[PDB]
file data.cif (mmCIF, C-alpha atoms)
data_data
#
loop_
_atom_site.label_atom_id
_atom_site.label_comp_id
_atom_site.auth_asym_id
_atom_site.auth_seq_id
_atom_site.Cartn_x
_atom_site.Cartn_y
_atom_site.Cartn_z
CA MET N 1 78.25 84.26 88.05
CA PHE N 2 81.81 84.07 89.31
CA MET N 3 82.96 87.14 87.39
CA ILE N 4 79.84 88.80 88.80
CA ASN N 5 81.17 87.91 92.26
CA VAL N 6 84.50 89.48 91.30
CA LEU N 7 82.78 92.66 90.09
CA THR N 8 80.67 92.86 93.24
CA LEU N 9 83.90 92.68 95.21
CA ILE N 10 86.04 95.16 93.31
CA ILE N 11 83.46 97.76 92.29
CA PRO N 12 82.71 98.71 95.96
CA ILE N 13 86.45 99.04 96.66
CA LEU N 14 86.44 102.39 94.83
CA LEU N 15 83.34 103.61 96.63
CA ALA N 16 84.62 102.08 99.88
CA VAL N 17 87.98 103.86 99.79
CA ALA N 18 86.52 107.17 98.58
CA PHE N 19 83.82 107.17 101.23
CA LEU N 20 86.50 106.11 103.72
CA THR N 21 88.39 109.28 102.81
CA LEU N 22 85.32 111.44 103.37
CA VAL N 23 84.59 109.58 106.62
CA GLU N 24 88.11 110.06 107.96
CA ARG N 25 88.17 113.71 106.92
CA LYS N 26 84.79 114.41 108.55
CA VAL N 27 85.81 112.43 111.62
CA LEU N 28 89.07 114.37 112.01
CA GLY N 29 87.01 117.51 111.50
CA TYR N 30 84.70 116.70 114.37
CA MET N 31 87.68 115.58 116.45
CA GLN N 32 88.76 119.17 116.07
CA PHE N 33 86.26 122.02 115.82
CA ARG N 34 85.70 121.65 112.09
CA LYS N 35 82.72 120.91 109.87
CA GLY N 36 84.96 119.73 107.08
CA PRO N 37 83.60 119.16 104.53
CA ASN N 38 79.91 120.08 104.44
CA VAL N 39 79.60 123.12 102.15
CA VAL N 40 80.51 121.32 98.93
CA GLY N 41 77.29 119.46 98.18
CA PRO N 42 75.05 117.43 100.47
CA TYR N 43 77.25 116.52 103.46
CA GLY N 44 80.35 116.18 101.26
CA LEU N 45 80.02 113.23 98.86
CA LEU N 46 80.38 114.85 95.47
CA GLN N 47 83.45 116.59 96.92
CA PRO N 48 85.42 113.30 97.21
CA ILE N 49 83.97 112.02 93.92
CA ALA N 50 84.80 115.13 91.87
CA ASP N 51 88.07 115.52 93.77
CA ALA N 52 89.09 112.03 92.70
CA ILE N 53 88.14 113.14 89.17
CA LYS N 54 90.33 116.26 89.45
CA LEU N 55 93.18 114.09 90.70
CA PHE N 56 92.77 111.96 87.58
CA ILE N 57 92.98 115.05 85.34
CA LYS N 58 96.18 116.52 86.79
CA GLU N 59 98.41 115.88 83.68
CA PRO N 60 101.78 115.06 85.34
CA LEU N 61 105.21 114.38 83.83
CA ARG N 62 108.10 111.94 84.28
CA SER N 63 113.09 104.10 84.44
CA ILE N 64 109.70 104.20 82.76
CA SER N 65 109.07 100.45 83.01
CA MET N 66 109.85 100.52 86.74
CA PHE N 67 107.55 103.53 87.18
CA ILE N 68 104.85 101.51 85.42
CA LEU N 69 105.48 98.36 87.42
CA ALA N 70 105.31 99.66 90.97
CA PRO N 71 101.74 101.05 91.43
CA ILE N 72 100.27 98.28 89.29
CA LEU N 73 101.57 95.81 91.88
CA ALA N 74 100.27 97.97 94.73
CA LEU N 75 96.76 98.21 93.35
CA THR N 76 96.58 94.59 92.23
CA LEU N 77 97.36 93.67 95.83
CA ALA N 78 94.61 96.06 96.91
CA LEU N 79 92.25 94.21 94.58
CA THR N 80 93.42 90.59 95.04
CA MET N 81 93.67 90.80 98.83
CA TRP N 82 90.01 90.60 99.79
CA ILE N 83 89.61 87.08 98.42
CA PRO N 84 89.39 84.73 101.46
CA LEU N 85 87.95 87.28 103.89
CA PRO N 86 84.97 85.30 105.15
CA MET N 87 82.10 87.66 105.04
CA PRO N 88 79.98 84.69 105.69
CA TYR N 89 80.59 82.86 102.42
CA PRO N 90 84.11 83.75 101.23
CA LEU N 91 85.09 84.11 97.60
CA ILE N 92 87.62 81.25 97.55
CA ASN N 93 87.65 78.57 100.26
CA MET N 94 91.40 78.62 100.71
CA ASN N 95 92.80 75.88 102.91
CA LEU N 96 95.24 78.48 104.25
CA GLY N 97 94.66 82.20 103.92
CA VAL N 98 96.56 83.88 106.72
CA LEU N 99 99.87 82.92 105.16
CA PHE N 100 98.53 84.48 101.97
CA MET N 101 97.97 87.68 103.99
CA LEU N 102 101.63 87.60 105.04
CA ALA N 103 102.89 86.92 101.51
CA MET N 104 100.97 89.79 99.99
CA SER N 105 102.08 92.18 102.73
CA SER N 106 105.60 91.27 101.60
CA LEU N 107 104.49 92.09 98.05
CA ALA N 108 103.47 95.53 99.37
CA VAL N 109 107.03 95.91 100.64
CA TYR N 110 108.18 95.09 97.07
CA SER N 111 105.89 97.88 95.85
CA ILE N 112 107.36 100.48 98.21
CA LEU N 113 110.93 99.56 97.29
CA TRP N 114 110.19 99.71 93.57
CA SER N 115 108.68 103.18 93.98
CA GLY N 116 111.76 104.22 95.94
CA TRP N 117 114.00 102.95 93.16
CA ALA N 118 111.87 104.74 90.58
CA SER N 119 112.25 108.00 92.55
CA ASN N 120 115.62 108.47 90.75
CA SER N 121 118.44 108.79 93.30
CA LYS N 122 117.12 111.14 95.93
CA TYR N 123 117.38 111.77 99.67
CA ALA N 124 113.72 110.79 99.42
CA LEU N 125 114.88 107.38 98.19
CA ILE N 126 117.17 107.07 101.19
CA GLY N 127 114.16 107.86 103.37
CA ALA N 128 112.08 105.35 101.41
CA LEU N 129 114.80 102.76 102.00
CA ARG N 130 114.45 103.46 105.71
CA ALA N 131 110.68 103.10 105.36
CA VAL N 132 111.20 99.74 103.63
CA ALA N 133 113.40 98.71 106.56
CA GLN N 134 110.83 99.70 109.16
CA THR N 135 107.99 98.06 107.22
CA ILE N 136 109.96 94.85 106.86
CA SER N 137 110.75 94.89 110.59
CA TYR N 138 107.05 94.11 111.34
CA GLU N 139 106.13 90.92 109.50
CA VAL N 140 108.08 88.98 112.13
CA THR N 141 105.79 90.30 114.86
CA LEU N 142 102.63 89.93 112.80
CA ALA N 143 103.39 86.37 111.70
CA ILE N 144 104.36 85.15 115.16
CA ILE N 145 101.36 86.75 116.87
CA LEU N 146 99.09 85.48 114.09
CA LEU N 147 100.60 82.02 114.60
CA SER N 148 99.71 82.13 118.28
CA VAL N 149 96.16 83.35 117.75
CA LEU N 150 95.56 80.57 115.22
CA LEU N 151 97.17 78.05 117.58
CA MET N 152 93.97 78.17 119.63
CA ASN N 153 92.10 77.51 116.36
CA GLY N 154 93.83 74.42 114.99
CA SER N 155 93.69 74.95 111.25
CA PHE N 156 94.55 77.78 108.88
CA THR N 157 91.19 77.47 107.18
CA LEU N 158 89.52 80.50 108.91
CA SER N 159 86.13 78.82 108.76
CA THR N 160 87.34 76.99 111.83
CA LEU N 161 88.03 80.47 113.22
CA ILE N 162 84.44 81.52 112.62
CA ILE N 163 83.49 78.31 114.42
CA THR N 164 85.77 79.19 117.37
CA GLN N 165 84.31 82.64 117.86
CA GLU N 166 80.81 81.42 118.77
CA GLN N 167 80.99 80.95 122.53
CA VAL N 168 83.07 83.88 123.70
CA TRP N 169 85.29 86.13 121.68
CA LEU N 170 88.92 85.29 121.15
CA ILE N 171 89.79 88.73 122.56
CA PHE N 172 89.46 87.27 126.07
CA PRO N 173 91.95 84.33 125.84
CA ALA N 174 94.47 86.63 124.17
CA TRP N 175 94.07 90.29 124.94
CA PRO N 176 97.72 91.52 125.22
CA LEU N 177 98.68 89.48 122.18
CA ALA N 178 95.76 91.17 120.42
CA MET N 179 96.97 94.58 121.64
CA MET N 180 100.44 94.02 120.20
CA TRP N 181 98.88 92.77 116.97
CA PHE N 182 96.69 95.85 116.66
CA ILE N 183 99.75 98.05 117.13
CA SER N 184 101.32 96.00 114.35
CA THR N 185 98.27 96.76 112.18
CA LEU N 186 98.90 100.46 112.82
CA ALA N 187 102.47 99.63 111.84
CA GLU N 188 101.64 97.86 108.57
CA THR N 189 99.26 100.59 107.43
CA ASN N 190 102.24 103.03 107.36
CA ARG N 191 100.21 105.82 108.95
CA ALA N 192 100.33 107.72 112.23
CA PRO N 193 102.28 107.51 114.48
CA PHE N 194 104.44 105.43 112.11
CA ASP N 195 105.78 107.65 109.34
CA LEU N 196 107.07 109.08 106.91
CA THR N 197 105.99 108.30 103.34
CA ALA N 198 105.55 110.10 92.74
CA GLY N 199 102.34 109.29 90.90
CA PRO N 200 99.82 107.98 90.01
CA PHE N 201 98.87 109.22 93.42
CA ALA N 202 95.23 108.13 93.25
CA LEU N 203 96.23 104.53 92.57
CA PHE N 204 98.91 104.48 95.28
CA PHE N 205 96.57 106.20 97.77
CA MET N 206 93.88 103.68 96.83
CA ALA N 207 96.33 100.86 97.55
CA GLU N 208 97.15 102.20 101.02
CA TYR N 209 93.59 102.67 102.10
CA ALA N 210 92.34 99.37 100.71
CA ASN N 211 95.19 97.85 102.71
CA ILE N 212 93.77 99.67 105.75
CA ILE N 213 90.27 98.30 105.17
CA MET N 214 91.75 94.82 104.69
CA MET N 215 93.65 95.01 107.98
CA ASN N 216 90.56 96.22 109.83
CA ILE N 217 88.30 93.52 108.34
CA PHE N 218 90.93 90.90 109.18
CA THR N 219 91.23 92.33 112.70
CA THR N 220 87.47 92.13 113.13
CA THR N 221 87.34 88.55 111.89
CA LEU N 222 90.37 87.40 113.86
CA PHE N 223 89.35 88.49 117.35
CA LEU N 224 85.58 89.00 117.61
CA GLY N 225 82.38 89.22 115.59
CA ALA N 226 79.15 87.25 115.70
CA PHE N 227 77.74 83.83 114.86
CA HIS N 228 77.37 82.44 111.36
CA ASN N 229 73.74 81.44 111.25
CA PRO N 230 73.03 79.75 107.90
CA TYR N 231 69.98 80.60 105.75
CA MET N 232 70.26 84.22 107.01
CA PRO N 233 73.92 85.26 106.68
CA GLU N 234 73.07 88.94 106.38
CA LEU N 235 72.65 89.18 110.16
CA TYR N 236 76.29 88.15 110.60
CA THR N 237 77.18 90.50 107.75
CA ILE N 238 75.52 93.47 109.45
CA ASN N 239 76.98 92.77 112.89
CA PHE N 240 80.45 92.13 111.44
CA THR N 241 80.23 95.33 109.39
CA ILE N 242 79.19 97.44 112.40
CA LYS N 243 82.05 96.10 114.52
CA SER N 244 84.58 96.58 111.71
CA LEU N 245 83.34 100.14 111.21
CA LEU N 246 83.70 100.98 114.90
CA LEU N 247 87.20 99.50 114.88
CA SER N 248 88.23 101.52 111.81
CA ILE N 249 86.89 104.73 113.36
CA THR N 250 88.88 103.86 116.50
CA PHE N 251 91.90 103.26 114.26
CA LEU N 252 91.72 106.73 112.70
CA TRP N 253 90.77 108.08 116.15
CA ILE N 254 94.03 106.80 117.63
CA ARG N 255 95.77 108.33 114.62
CA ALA N 256 94.17 111.66 115.52
CA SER N 257 96.05 112.14 118.77
CA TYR N 258 99.76 111.46 119.04
CA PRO N 259 103.02 112.74 117.57
CA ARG N 260 105.02 110.37 115.43
CA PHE N 261 108.06 108.49 116.62
CA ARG N 262 111.72 108.89 115.99
CA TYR N 263 113.00 106.28 113.56
CA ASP N 264 115.61 104.91 115.94
CA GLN N 265 113.13 105.12 118.82
CA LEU N 266 110.78 103.12 116.59
CA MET N 267 113.37 100.37 116.03
CA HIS N 268 114.43 100.42 119.70
CA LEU N 269 110.82 100.16 120.84
CA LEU N 270 109.96 97.44 118.30
CA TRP N 271 112.80 95.02 119.01
CA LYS N 272 113.45 95.63 122.70
CA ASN N 273 109.80 95.79 123.68
CA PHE N 274 107.61 93.73 121.37
CA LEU N 275 109.96 90.98 120.35
CA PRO N 276 110.80 89.22 123.67
CA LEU N 277 107.21 89.76 124.78
CA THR N 278 105.93 88.11 121.59
CA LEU N 279 108.18 85.10 122.19
CA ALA N 280 107.13 84.80 125.82
CA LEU N 281 103.40 85.06 125.08
CA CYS N 282 103.82 82.62 122.21
CA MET N 283 105.60 79.96 124.24
CA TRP N 284 102.90 80.35 126.86
CA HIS N 285 100.28 79.85 124.16
CA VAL N 286 102.17 76.75 123.03
CA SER N 287 102.23 75.24 126.51
CA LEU N 288 98.64 76.32 127.22
CA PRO N 289 96.57 73.59 125.43
CA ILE N 290 98.73 70.80 126.82
CA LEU N 291 97.96 72.21 130.29
CA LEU N 292 94.25 72.55 129.60
CA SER N 293 93.84 69.36 127.47
CA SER N 294 92.14 71.46 124.80
CA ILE N 295 93.83 71.15 121.44
CA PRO N 296 91.49 72.32 118.67
CA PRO N 297 89.96 69.86 116.19
CA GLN N 298 92.51 69.87 113.40
CA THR N 299 90.43 67.94 110.92
CA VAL R 1 81.01 162.52 135.45
CA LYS R 2 83.75 160.44 133.83
CA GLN R 3 83.19 157.25 131.86
CA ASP R 4 86.41 155.24 131.72
CA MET R 5 86.58 151.44 131.98
CA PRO R 6 87.30 150.60 135.63
CA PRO R 7 86.80 147.31 137.45
CA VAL R 8 83.63 147.38 139.53
CA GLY R 9 84.83 147.13 143.14
CA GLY R 10 87.21 144.23 142.46
CA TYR R 11 86.68 141.02 140.50
CA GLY R 12 86.87 137.35 141.40
CA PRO R 13 90.09 135.36 141.35
CA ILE R 14 91.06 132.88 138.65
CA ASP R 15 92.87 129.65 139.50
CA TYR R 16 96.49 128.83 138.70
CA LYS R 17 96.70 125.19 139.79
CA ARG R 18 97.71 122.30 137.54
CA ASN R 19 94.37 120.66 138.27
CA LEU R 20 94.85 116.93 137.66
CA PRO R 21 92.49 114.19 138.92
CA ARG R 22 94.85 111.22 138.19
CA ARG R 23 91.83 108.91 138.49
CA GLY R 24 91.45 105.35 137.24
CA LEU R 25 92.43 102.09 138.85
CA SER R 26 95.71 101.18 140.54
CA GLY R 27 98.27 98.66 139.33
CA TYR R 28 97.09 95.70 141.40
CA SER R 29 93.35 96.09 140.77
CA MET R 30 93.56 96.64 137.00
CA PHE R 31 96.15 93.85 136.76
CA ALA R 32 93.97 91.42 138.71
CA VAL R 33 90.75 92.16 136.83
CA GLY R 34 92.54 91.73 133.50
CA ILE R 35 94.04 88.40 134.53
CA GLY R 36 90.68 87.34 135.98
CA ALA R 37 88.79 87.94 132.74
CA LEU R 38 91.68 86.20 130.98
CA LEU R 39 91.26 83.09 133.14
CA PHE R 40 87.47 83.21 132.65
CA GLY R 41 88.03 83.14 128.89
CA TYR R 42 90.47 80.26 129.32
CA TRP R 43 87.98 78.13 131.25
CA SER R 44 85.18 78.69 128.74
CA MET R 45 87.65 78.05 125.91
CA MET R 46 88.70 74.71 127.43
CA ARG R 47 85.06 73.64 127.81
CA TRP R 48 84.07 74.49 124.23
CA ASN R 49 87.17 72.86 122.75
CA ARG R 50 86.68 69.53 124.49
CA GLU R 51 82.98 69.33 123.59
CA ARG R 52 83.97 70.25 120.03
CA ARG R 53 86.46 67.39 120.00
CA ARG R 54 83.63 65.05 121.04
CA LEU R 55 81.60 66.12 118.01
CA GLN R 56 84.59 65.90 115.68
CA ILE R 57 85.20 62.32 116.85
CA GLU R 58 81.57 61.63 115.91
CA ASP R 59 82.37 62.98 112.43
CA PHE R 60 85.35 60.60 112.25
CA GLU R 61 83.07 57.71 113.15
CA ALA R 62 80.72 58.76 110.35
CA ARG R 63 83.51 58.52 107.78
CA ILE R 64 84.63 55.18 109.24
CA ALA R 65 81.19 53.60 108.97
CA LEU R 66 80.64 55.08 105.52
CA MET R 67 83.78 53.84 103.80
CA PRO R 68 83.69 50.21 102.49
#
call {"tool": "encode", "arguments": {"input": "data.cif", "output": "structure tokens"}}
result
Amino acid sequence: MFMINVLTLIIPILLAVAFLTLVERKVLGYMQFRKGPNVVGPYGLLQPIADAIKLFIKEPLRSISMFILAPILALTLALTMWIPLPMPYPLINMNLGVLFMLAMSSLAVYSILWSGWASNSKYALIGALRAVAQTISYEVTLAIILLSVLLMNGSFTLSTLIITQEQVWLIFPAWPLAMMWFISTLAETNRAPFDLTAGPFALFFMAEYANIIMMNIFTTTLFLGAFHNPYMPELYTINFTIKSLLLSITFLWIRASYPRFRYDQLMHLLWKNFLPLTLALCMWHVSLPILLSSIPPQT
Amino acid sequence: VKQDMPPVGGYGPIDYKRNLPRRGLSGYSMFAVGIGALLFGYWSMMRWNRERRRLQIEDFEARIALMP
């Protein structure tokens, strides 16, 4: 039954990412004055399916072992990185899972650098080196902010987190920390306004958008949600899914609106605006439970 | 008669102002309501954590009495 659990996880990742692409394209269309796409079939579903098919039948051409090894790592992260996400009963009860999130984000940085090395000595690989540098400049911020938002939760176990979110949401004790972390999720997804940047393009594209859905599900679990009532977990599943959907639409909706940074403005902004503010909010979150006598039950 | 395209006796004017409402809250009010909801969340957080510690101590006492 355990391989059946694995198949019920990683068969809807294909449908999830493909229908995510139609959802984001339709949503951008209605953000503008566009009905795109609706002509190709009933409300545009066979258009992403058959378009994925056409992308698989492109017949491209060509170091070969490196070109093999990069997108296989990207998509095996995209598969193996929905394991401890506690849609009510998670797949593996990891004692620590958030540090596993950080480690596999670093593996995504490996993937980008291997693709840039496989790109065979190009001004594109210099740009991809810069993209590796900007992507690696974010796991400091994400780990430190994640450390502070678990500090009010005691353990790394994330079931304790779903215990903590019953009374009020955790968005209220840490809202600006959450704001900086959500900007870091925009940062880690390598999309707008944080840009730029051959095949197999379907597998690489799949890796990026499964990484997006992972970051949005983890955002939804980390800060808000509903209550885990046993012997009817589907209620929590539905409410969690609705909130994660609204957050992902908001995520693409913020992508729909602003021009993208300058690279040096991005570094300048990152260090000289997030990084002291992270440290200051984090030391305040350290000294907070000793001044409220509320340290969480680290069991 | 002649049938050109004239304006009929003069038309209405059309504005040329950078019409901006600049609405929303001020600095002090938005700042204070954010910090107020923050402190509300802190108080409820403190209450739930200390009652949770009470129950977790009860769980400790369960494992103590169970052991020998």
call {"tool": "interface_residues", "arguments": {"input": "data.cif", "of": "chain N", "to": "chain R", "cutoff": "12 Å", "atoms": "only C-alpha atoms", "output": "MDAnalysis selection string"}}
result
chainID N and resid 152:154 160 163:177 285 288:299
call {"tool": "write_last_selection", "arguments": {"input": "data.cif", "atoms": "C-alpha atoms", "output": "PDB file, in the coordinates of the input"}}
result
ATOM      1  CA  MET N 152      93.970  78.170 119.630  1.00  0.00           C
ATOM      2  CA  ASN N 153      92.100  77.510 116.360  1.00  0.00           C
ATOM      3  CA  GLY N 154      93.830  74.420 114.990  1.00  0.00           C
ATOM      4  CA  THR N 160      87.340  76.990 111.830  1.00  0.00           C
ATOM      5  CA  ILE N 163      83.490  78.310 114.420  1.00  0.00           C
ATOM      6  CA  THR N 164      85.770  79.190 117.370  1.00  0.00           C
ATOM      7  CA  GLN N 165      84.310  82.640 117.860  1.00  0.00           C
ATOM      8  CA  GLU N 166      80.810  81.420 118.770  1.00  0.00           C
ATOM      9  CA  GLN N 167      80.990  80.950 122.530  1.00  0.00           C
ATOM     10  CA  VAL N 168      83.070  83.880 123.700  1.00  0.00           C
ATOM     11  CA  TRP N 169      85.290  86.130 121.680  1.00  0.00           C
ATOM     12  CA  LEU N 170      88.920  85.290 121.150  1.00  0.00           C
ATOM     13  CA  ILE N 171      89.790  88.730 122.560  1.00  0.00           C
ATOM     14  CA  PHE N 172      89.460  87.270 126.070  1.00  0.00           C
ATOM     15  CA  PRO N 173      91.950  84.330 125.840  1.00  0.00           C
ATOM     16  CA  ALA N 174      94.470  86.630 124.170  1.00  0.00           C
ATOM     17  CA  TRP N 175      94.070  90.290 124.940  1.00  0.00           C
ATOM     18  CA  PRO N 176      97.720  91.520 125.220  1.00  0.00           C
ATOM     19  CA  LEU N 177      98.680  89.480 122.180  1.00  0.00           C
ATOM     20  CA  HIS N 285     100.280  79.850 124.160  1.00  0.00           C
ATOM     21  CA  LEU N 288      98.640  76.320 127.220  1.00  0.00           C
ATOM     22  CA  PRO N 289      96.570  73.590 125.430  1.00  0.00           C
ATOM     23  CA  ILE N 290      98.730  70.800 126.820  1.00  0.00           C
ATOM     24  CA  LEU N 291      97.960  72.210 130.290  1.00  0.00           C
ATOM     25  CA  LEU N 292      94.250  72.550 129.600  1.00  0.00           C
ATOM     26  CA  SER N 293      93.840  69.360 127.470  1.00  0.00           C
ATOM     27  CA  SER N 294      92.140  71.460 124.800  1.00  0.00           C
ATOM     28  CA  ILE N 295      93.830  71.150 121.440  1.00  0.00           C
ATOM     29  CA  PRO N 296      91.490  72.320 118.670  1.00  0.00           C
ATOM     30  CA  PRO N 297      89.960  69.860 116.190  1.00  0.00           C
ATOM     31  CA  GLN N 298      92.510  69.870 113.400  1.00  0.00           C
ATOM     32  CA  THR N 299      90.430  67.940 110.920  1.00  0.00           C
TER      33      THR N 299
END
call {"tool": "atom_distance", "arguments": {"input": "data.cif", "atom1": "atom CA of residue 94 of chain N", "atom2": "atom CA of residue 63 of chain R"}}
result
22.7 Å
call {"tool": "atom_distance", "arguments": {"input": "data.cif", "atom1": "atom CA of residue 87 of chain N", "atom2": "atom CA of residue 250 of chain N"}}
result
21.0 Å
call {"tool": "resolve_selection", "arguments": {"input": "data.cif", "expression": "the PyMOL selection byres ((chain N and resi 241) around 12)", "output": "PyMOL selection string"}}
result
chain N and resi 86-88+213+216-221+224-226+234-240+242-248
call {"tool": "atom_distance", "arguments": {"input": "data.cif", "atom1": "atom CA of residue 197 of chain N", "atom2": "atom CA of residue 58 of chain N"}}
result
20.9 Å
call {"tool": "residues_around", "arguments": {"input": "data.cif", "residues": "residue 102 of chain N", "least_positions_apart": "5", "cutoff": "9 Å", "atoms": "all atoms listed in the file", "output": "JSON, numbers by chain"}}
result
{"N": [97, 107, 139, 142, 143]}
